[PDB]
Amino acid sequence: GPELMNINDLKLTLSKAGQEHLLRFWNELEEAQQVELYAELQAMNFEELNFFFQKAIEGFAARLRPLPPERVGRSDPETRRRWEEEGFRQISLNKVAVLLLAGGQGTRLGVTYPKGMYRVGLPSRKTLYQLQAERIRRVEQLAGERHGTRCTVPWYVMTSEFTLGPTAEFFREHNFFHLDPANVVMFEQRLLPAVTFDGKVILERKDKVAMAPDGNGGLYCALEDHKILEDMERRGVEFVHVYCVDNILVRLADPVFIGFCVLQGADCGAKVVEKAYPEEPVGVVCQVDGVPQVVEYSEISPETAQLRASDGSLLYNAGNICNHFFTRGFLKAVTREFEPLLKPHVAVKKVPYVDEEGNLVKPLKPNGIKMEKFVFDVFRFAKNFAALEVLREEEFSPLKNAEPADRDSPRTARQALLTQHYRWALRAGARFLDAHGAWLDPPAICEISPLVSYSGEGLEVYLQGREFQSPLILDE
């Protein structure tokens, strides 16, 4: 079909919304460039936009106490046994799903293809998407044989426009990492325009609104916009482990995490790790106004993160690692009764823009903002919030920067995982060898397919009592 467009109605609307400015390149551009921008403007809603913006502006603190012992858990193979067990019992029954947050958090990755496809340089030459899928295959097998019939954890993948196409094509040509594509469900959140300090949407060039996804907290309208909580209701999925696409060490569908959050009776739970240093970029979990939720370190006043506890630990040592537990009942609650209440958070950015004659200049002081909704906002509404302190070195190593120079980089994503599996091999009966025998970047390269092991387990059969010369690669 052709290409119909009422531009009188457009200017009208835009004059009302006060955004006439978005049309000043219009008679400086060609018909294809012109059809694009229309559909895009037409897409938006400027009264709800001017609304979230207001909501944003209106979003500007001694009521904080740390988290107690009460809502915080932390190796006693008498209860870890339970959690690992009771968790596992849920997987086997199919009341566990995952949910991948692969939408476009941060930019400083190879600005082309989605984060989850990034090749950290593993000996397996594997991308993060892979490691995630194989982890789910491994968490399945472990619960199926521990219980005696096959099972599944479906894989809701939340994407945006910026990532959907590529990732779906990566899954495609990769034969869905051997996962029955019935149980991997890509979907899509909305995008929000960047706006100036005045409220005016920005053109990132002659024909394009400066778009970017609306926060991973935009999960909730995605589930609302895609009947997802029904699809979970229609499989029996009662618990969903939400997680961020960038963690190379994620315990996808962590039985200890589920089992824990259940014995706790909590409707909604989260993983945390000791904040490394006071300025570390991790939101902290603690009660403001007596109610436990998360504040991102950037909203945390600086000189408070240095307060220490009576033993000398950080008073606000509990950084959230974007790894949460949600009962499908709590999801319904917030989609059908709380998303209105989620603040869109202002992030003051340098939005490359297109001037008044068109230079496409970028920065010269931050010039606009990106409103986002954060997934952990929904904690404020929790009815019984749980939280698990988890070992950083075992399950939190984010890929944020593209530069191996920097921390949180392929180099550190790499080394973290390679180091981890090295320790599994140690604890599992295996000693390593130099170029001249002996024993003791880690001393020895070793990577272990999640297929073969998920937390370090089931390795004795392969490794115990045997010596190996670097590297040792384990897959089937």
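Method of determination for the deposited model, per the PDB record: X-ray crystallography, at 2.75 Å resolution.

Within the Protein Data Bank, this record goes by the title "Crystal structure of chimeric UAP1L1". UniProt annotates the protein chain under Sequence similarities with the comment "Belongs to the UDPGP type 1 family."

J.: Even after reading the chapter, I still don't get unusual backbone geometry, so can you show me in this structure?
T.: Peptide bonds are mostly trans, and most non-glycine residues show a negative phi. Cis geometry is found at the peptide bond from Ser 470 to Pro 471, where omega equals 5 degrees. Summarising the element assignment, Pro 471 is placed in the loop between β20 (467-469) and β21 (472-474). For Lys 227, which is not a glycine, the phi torsion comes out positive at approximately 50 degrees. In this fold, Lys 227 is placed in the loop between α7 (219-224) and α8 (228-233). Given the relative accessible area of 55%, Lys 227 is considered exposed. Positive phi, close to 60 degrees, is recorded for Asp 355, a residue that is not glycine. The topology assignment puts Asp 355 in the loop between β15 (345-349) and β16 (368-372).

J.: Any chance you could explain the state of the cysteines here in plain terms?
T.: Formally, a disulfide is one covalent bond, and it connects the sulfur atom of one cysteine to the sulfur atom of another. Here the structure, examined in full by the defined rule, presents one disulfide. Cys 244 shares a disulfide with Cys 322; S-S distance 2.0 Å. When the S-S torsion is 85 degrees, as for the bridge of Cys 244 with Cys 322, the disulfide is right-handed. Here the residue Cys 244 occupies a position in strand β10 (residues 239-244), and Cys 322 occupies one in strand β14 (residues 318-327), the gap between them amounting to 78 residues. Look at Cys 322 and you get buried, because its relative accessible area is 12%. As a non-bridged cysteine, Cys 221 has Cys 268 as the owner of its nearest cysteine sulfur, 18 Å distant. On the basis of relative accessible area, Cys 221 is assigned to the buried category, the value being 16%.

J.: Explain the domain arrangement of the protein chain to me, please; I cannot follow it from the model alone.
T.: Often the size quoted for an interface is simply the accessible area lost on bringing the parts together. On domain assignment, one finds that the protein chain holds domain 1 (1-43), domain 2 (64-400) and domain 3 (413-474). Relative to domain 3, the C-alpha centre of domain 2 lies at a distance of 29 Å. Facing the 24 residues of domain 2 at the interface are 20 residues of domain 3. Contact with domain 3 buries surface across domain 2, with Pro 123, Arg 138 and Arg 251 losing the most and accounting together for 27% of the total. Seen at the junction of domain 2 and domain 3, the total is two salt bridges. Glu 394 is the partner of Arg 427 in a salt bridge, and the nearest nitrogen-oxygen pair spans 3.6 Å. Across the contact surface, domain 2 and domain 3 share eleven residue pairs in polar contact. Going through the elements one at a time, α5 (128-145) and α11 (392-395) are the ones with two or more residues in the side of domain 2 that touches domain 3.

J.: Would you take a moment to explain the packing of aromatic side chains for this structure?
T.: The relative placement of two aromatic rings is captured by the distance of their centres and the angle of their planes. Applying the stated rule across the entire model yields 15 aromatic pairs. Geometrically, the ring pair formed by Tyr 129 and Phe 171 is edge-to-face, given 5.4 Å between the ring centres and 85 degrees between the ring planes. Taken together, the positions of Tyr 129 in helix α5 and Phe 171 in helix α6 (residues 161-173) put the pair 42 residues apart, joining distant regions of the chain. Owing to a relative accessible area of 1%, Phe 171 belongs among the buried residues under this scheme.

J.: Before we go on, may I ask you to explain a negative patch on the surface in this structure?
T.: Where like charges cluster on the molecular surface, the negative patch consists of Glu 28, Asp 355, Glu 356 and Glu 357. Checked against the element boundaries, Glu 356 lands in the loop between β15 and β16. A residue is classified by how much of its surface remains accessible, and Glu 356, at 68% relative accessible area, is exposed.

J.: I tried to follow the UniProt feature "binding site: substrate" in the protein chain on my own but got confused; where do I start?
T.: The feature "binding site: substrate", as annotated in UniProt, sits at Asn 216 and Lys 400 in this numbering. Mapped onto the fold, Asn 216 is located in the loop between β9 (211-213) and α7. Discounting chain neighbours no more than four positions away, the residues touching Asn 216 are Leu 101, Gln 105, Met 158, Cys 244, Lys 373, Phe 374 and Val 375. Topologically, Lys 400 is positioned in the loop between α11 and α12 (410-427). Residue class for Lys 400 comes out partly exposed when judged on its relative accessible area of 39%. Among all residues touching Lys 400, those that are not within four sequence positions of it are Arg 108, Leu 109, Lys 115, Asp 246 and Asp 408.

J.: What is the right way to read α5 from this model?
T.: Within an α-helix, residues lying three or four positions from one another point in the same direction, as the helix has 3.6 residues per turn. End to end, α5 covers 26 Å across 18 residues, agreeing with the expected 26 Å (1.5 Å per residue, within 8%). With 15 of 18 residues buried, α5 is to be regarded as a mostly interior element. The opening residue of α5 is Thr 127, an N-cap whose side-chain oxygen sits 3.4 Å from the backbone nitrogen of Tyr 129.

J.: Just to check I follow, could you spell out the sheet that holds strand β6 (residues 195-196) for this structure?
T.: The strands making up a sheet associate through backbone hydrogen bonding, with each pair oriented either parallel or antiparallel. Strands sit in the order β6-β16-β15 across an open sheet of three strands; the sheet is antiparallel. Single-partner strands in this sheet number two, and they are β6 and β15. Two strands pair when backbone bridges link them, and β6 and β16 are joined in this way by two bridges, in the antiparallel orientation. The residue bridging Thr 196 from the neighbouring strand is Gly 368, located in β16. Packed on one face of the sheet, helix α3 (residues 46-57) meets β6 and β16 and runs near 95 degrees to β16.

J.: Could you clarify how one ought to interpret the pattern of salt bridges in this entry?
T.: Oppositely charged side chains can form a pair if their charged atoms are brought close together. Enumeration according to the criterion identifies 27 salt bridges in this entry. Two residues, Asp 289 and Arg 63, come together in a salt bridge whose shortest N-O distance is 3.3 Å. Residue class for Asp 289 comes out partly exposed when judged on its relative accessible area of 47%. Its salt-bridge partner being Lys 95, residue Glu 238 comes within 3.9 Å of it at the nearest N-O pair. With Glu 238 in the loop between α8 and β10 and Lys 95 in the loop between α4 (80-93) and β2 (96-101), the pair connects residues that are 143 residues apart, well separated along the chain. Taken together, the shared-partner salt bridges connect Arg 251, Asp 254, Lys 271, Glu 394, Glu 395 and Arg 427 into one network.

How each quantity is defined
- Residues numbered from 1 in each chain as written, not as in the entry; some residues may be left out.
- Heavy atoms only, no water.
- UniProt positions renumbered as here; feature names shortened; annotations may be inferred.
- Helix = DSSP H or I, 4+ residues; strand = E, 2+ residues; numbered from the N terminus.
- Buried < 20%, exposed > 50% of the residue type's maximum accessible area, 1.4 Å probe, protein only.
- Disulfide = S-S within 2.5 Å.
- Domains from an automatic or database assignment.
- Contact = heavy atoms within 4.5 Å.
- Buried area = accessible area lost by both parts, 1.4 Å probe.
- Salt bridge = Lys/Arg side-chain N within 4 Å of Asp/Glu carboxyl O.
- Polar contact = N/O pair within 3.5 Å; in protein donor to acceptor, adjacent residues only side chain to side chain.
- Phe/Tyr/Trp six-rings, centres within 6.5 Å; stacked < 30°, edge-to-face > 60°.
- Patch = residues over 30% accessible without salt bridge, like charges linked within 9 Å, V, L, I, M, F, W, Y side chains within 5 Å.
- Areas by Shrake-Rupley, 256 points an atom, 1.4 Å probe, with all protein chains shown as cover.
- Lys, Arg positive; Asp, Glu negative; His and termini not counted.
- Charge placed at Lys NZ, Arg CZ, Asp CG, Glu CD.
- Expected span 1.5 Å × (residues − 1).
- Pairing = 2+ DSSP bridges.
- Axes fitted to C-alpha atoms, helices over the stretch in contact; angles between N-to-C directions.

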